[PDB]
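Heads up, the Cβs are rebuilt from the backbone with ideal geometry, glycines too, and the neighbour counts pull from every protein chain shown. Nothing in this text is a laboratory measurement; each read-out follows from the coordinates by a stated rule.
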Amino acid sequence: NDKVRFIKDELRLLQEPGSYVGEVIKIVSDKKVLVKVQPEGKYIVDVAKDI
Amino acid sequence: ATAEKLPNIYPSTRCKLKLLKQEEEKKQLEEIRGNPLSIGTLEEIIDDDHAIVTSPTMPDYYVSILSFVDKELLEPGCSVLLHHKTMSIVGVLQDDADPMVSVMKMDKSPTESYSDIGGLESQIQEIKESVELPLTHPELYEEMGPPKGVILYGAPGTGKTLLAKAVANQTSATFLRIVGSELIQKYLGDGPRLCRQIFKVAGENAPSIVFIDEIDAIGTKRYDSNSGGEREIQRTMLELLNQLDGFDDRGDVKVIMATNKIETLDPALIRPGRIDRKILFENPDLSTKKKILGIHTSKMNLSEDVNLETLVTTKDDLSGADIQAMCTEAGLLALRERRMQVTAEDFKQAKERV
């Protein structure tokens, strides 16, 4: 059964919009990190709660 | 005991600080903003409470601030809070950084204090009175006013460099050290911007101590503006002069001039009535040398064979650095001797070398 779910498990992530890498310009007190995505430009944007 | 009461006091302060009801209201004011939002750079302003912006991707949208924070808090050409919708200015955004200007020693109330440098005092009054004195700002008030800057001479690392931070330490303003040879570029016009960037800082961070070292190059008027003569020489200097002859202070932003090439320079580059001050470091006379001697000699550990006069009279009229310098390799000899207490011989040696 380990396999099954596992083999099944990949099925979701195969559905994804994408995952943006980013180049942080900085943060501020806002807890919105201030960033320029590499192909994009600069955006000041919130972080993950886990960091 | 009270330390505990002091600590919790510090703690309770943290709480109230974090306590910034209003929190909701502040969050209400944040809950306004939405998120995540978009960086973008200013361009110009109108009262419109709509203004357009600048982007690396270069959308430029005509957008309002979300208004509690302010337009006038900011200048055109500056990164601002923008939504991702219209790139609506969400409010005041730094665009903090700007941590660069051309070539400088970026320092404030620097290490060098006149005590440190060996006694030069005779000219310390020059730099003190012209600058340190109005730095106290108390007496200069009645004095009705204070020159711009001084002109060092003599040798750096003893007269020129050591003094330089003495009053810079003493007044504890922002000491900005540069060389003209640390300008140019050989190209035309940012030499001024170099200065400008500096003067931007100079204007910005006031009080500050402007320093300048060795204008051999950007400062020479020559005889000519043509026939191979590099414009940038004068082209820079003039602007440096513009911000120089466009400003003197009552004790705020102070200037320093350190170099051996004097009349390479314009009279208005000094502009008396403004720069009144020539510092010139000499070879310290035996006593004044001894004055610096006892300082650096003694702060060097040694054996009682050593004597100042043993060193003093033996001397050619050294620089106050050569004092240090003799003293320097002196121990190096004792290190080559691998000893912690220097004899007198190393001194004579180290001097008769250096």
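When residues in the stretch B:110-144 are screened for being over 22 Å from B:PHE281 (Cα atoms) and touching a helix residue (DSSP H, G or I) at 6+ places or on another chain (Cβ under 8 Å), 5 of them pass. If the condition is being among the acidic types (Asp, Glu) and within 36 Å of the chain's Cα centre (by Cα), then the stretch B:311-347 contributes B:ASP316, B:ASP317, B:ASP322, B:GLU329. For the stretch B:277-293, check the following and say yes or no: at least one residue is within 29 Å of B:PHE175 (Cα to Cα), hydroxyl-bearing (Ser, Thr, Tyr) and touching a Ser or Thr at 6+ places or on another chain (Cβ under 7 Å). Taking every residue of the stretch B:277-293 in turn, none turns out to be within 29 Å of B:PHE175 (Cα to Cα), hydroxyl-bearing (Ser, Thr, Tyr) and touching a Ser or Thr at 6+ places or on another chain (Cβ under 7 Å). Within the stretch B:152-180, work out how many residues are within 24 Å of B:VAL201 (Cβ to Cβ) and out of contact with any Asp or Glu (no Cβ under 9 Å at 6 or more places or on another chain). Count: 1. Here B:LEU42 fits the description: within 36 Å of the chain's Cα centre (by Cα), more than 13 Å from chain A (Cβ to nearest Cβ) and under 22 Å from A:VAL37 (Cβ atoms). With respect to (1) under 30 Å from B:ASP96 (Cα atoms); (2) not in a strand (DSSP E or B), the lone exception for B:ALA155 is condition (1). B:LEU240 meets each of the listed conditions (1) assigned to a helix (DSSP H, G or I); (2) out of contact with any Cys (no Cβ under 9 Å at 6 or more places or on another chain); (3) buried (at least 18 other Cβ atoms within 10 Å of the Cβ) apart from (2).
Just so you know, in the stretch B:250-278 the residues that are part of a loop (DSSP other than H, G, I, E, B) and in contact with a strand residue (DSSP E or B) (Cβ under 9 Å, 6 or more places away or on another chain) include one that is surrounded by the most Cβ atoms within 10 Å (Cβ to Cβ), and it is B:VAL255.
Here are the criteria: (1) farther than 19 Å from B:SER208 by Cβ; (2) touching a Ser or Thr at 6+ places or on another chain (Cβ under 7 Å); (3) in a helix (DSSP H, G or I). Tell me which single one B:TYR141 does not satisfy. Answer for B:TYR141: the failing condition is (2). Restricting A:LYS42, A:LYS32 to residues that are touching a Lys or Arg at 6+ places or on another chain (Cβ under 6 Å), of a type outside the set (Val, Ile, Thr) and surrounded by 10 or more Cβ atoms within 10 Å (Cβ to Cβ) narrows the list to A:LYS42. Of all the criteria given as (1) within 11 Å of chain A (Cβ to nearest Cβ); (2) within 30 Å of B:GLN197 (Cα to Cα), the one not satisfied by B:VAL53 is (1).
Meeting the requirement of 1 or more residues that are more than 14 Å from chain A (Cβ to nearest Cβ) and among the basic types (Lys, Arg), the strands (runs of 3 or more DSSP E) wholly within the stretch B:56-113 are B:105-108. B:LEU66 fulfils the conditions (1) farther than 27 Å from B:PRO192 by Cβ; (2) touching an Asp or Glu at 6+ places or on another chain (Cβ under 9 Å); (3) of a type outside the set (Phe, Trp, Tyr) except for a single criterion, (2). Residues that are more than 20 Å from the chain's Cα centre (by Cα) and either closer than 30 Å to B:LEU82 by Cα or part of a loop (DSSP other than H, G, I, E, B) (or both) within the stretch B:116-126 comprise B:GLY118, B:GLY119, B:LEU120, listed in sequence order.
Look at the stretch B:213-232: where a residue is surrounded by fewer than 20 Cβ atoms within 10 Å (Cβ to Cβ) and a partner is aliphatic (A, V, I, L, M) and assigned to a loop (DSSP other than H, G, I, E, B), sitting 6+ places away or on another chain with Cβ atoms under 6 Å, you get B:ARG231/B:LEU188. Here the stretch B:158-190 is the region considered, the condition is being of a type in the set (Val, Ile, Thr) and touching a strand residue (DSSP E or B) at 6+ places or on another chain (Cβ under 8 Å), and the residue that is surrounded by the fewest Cβ atoms within 10 Å (Cβ to Cβ) is B:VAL179.
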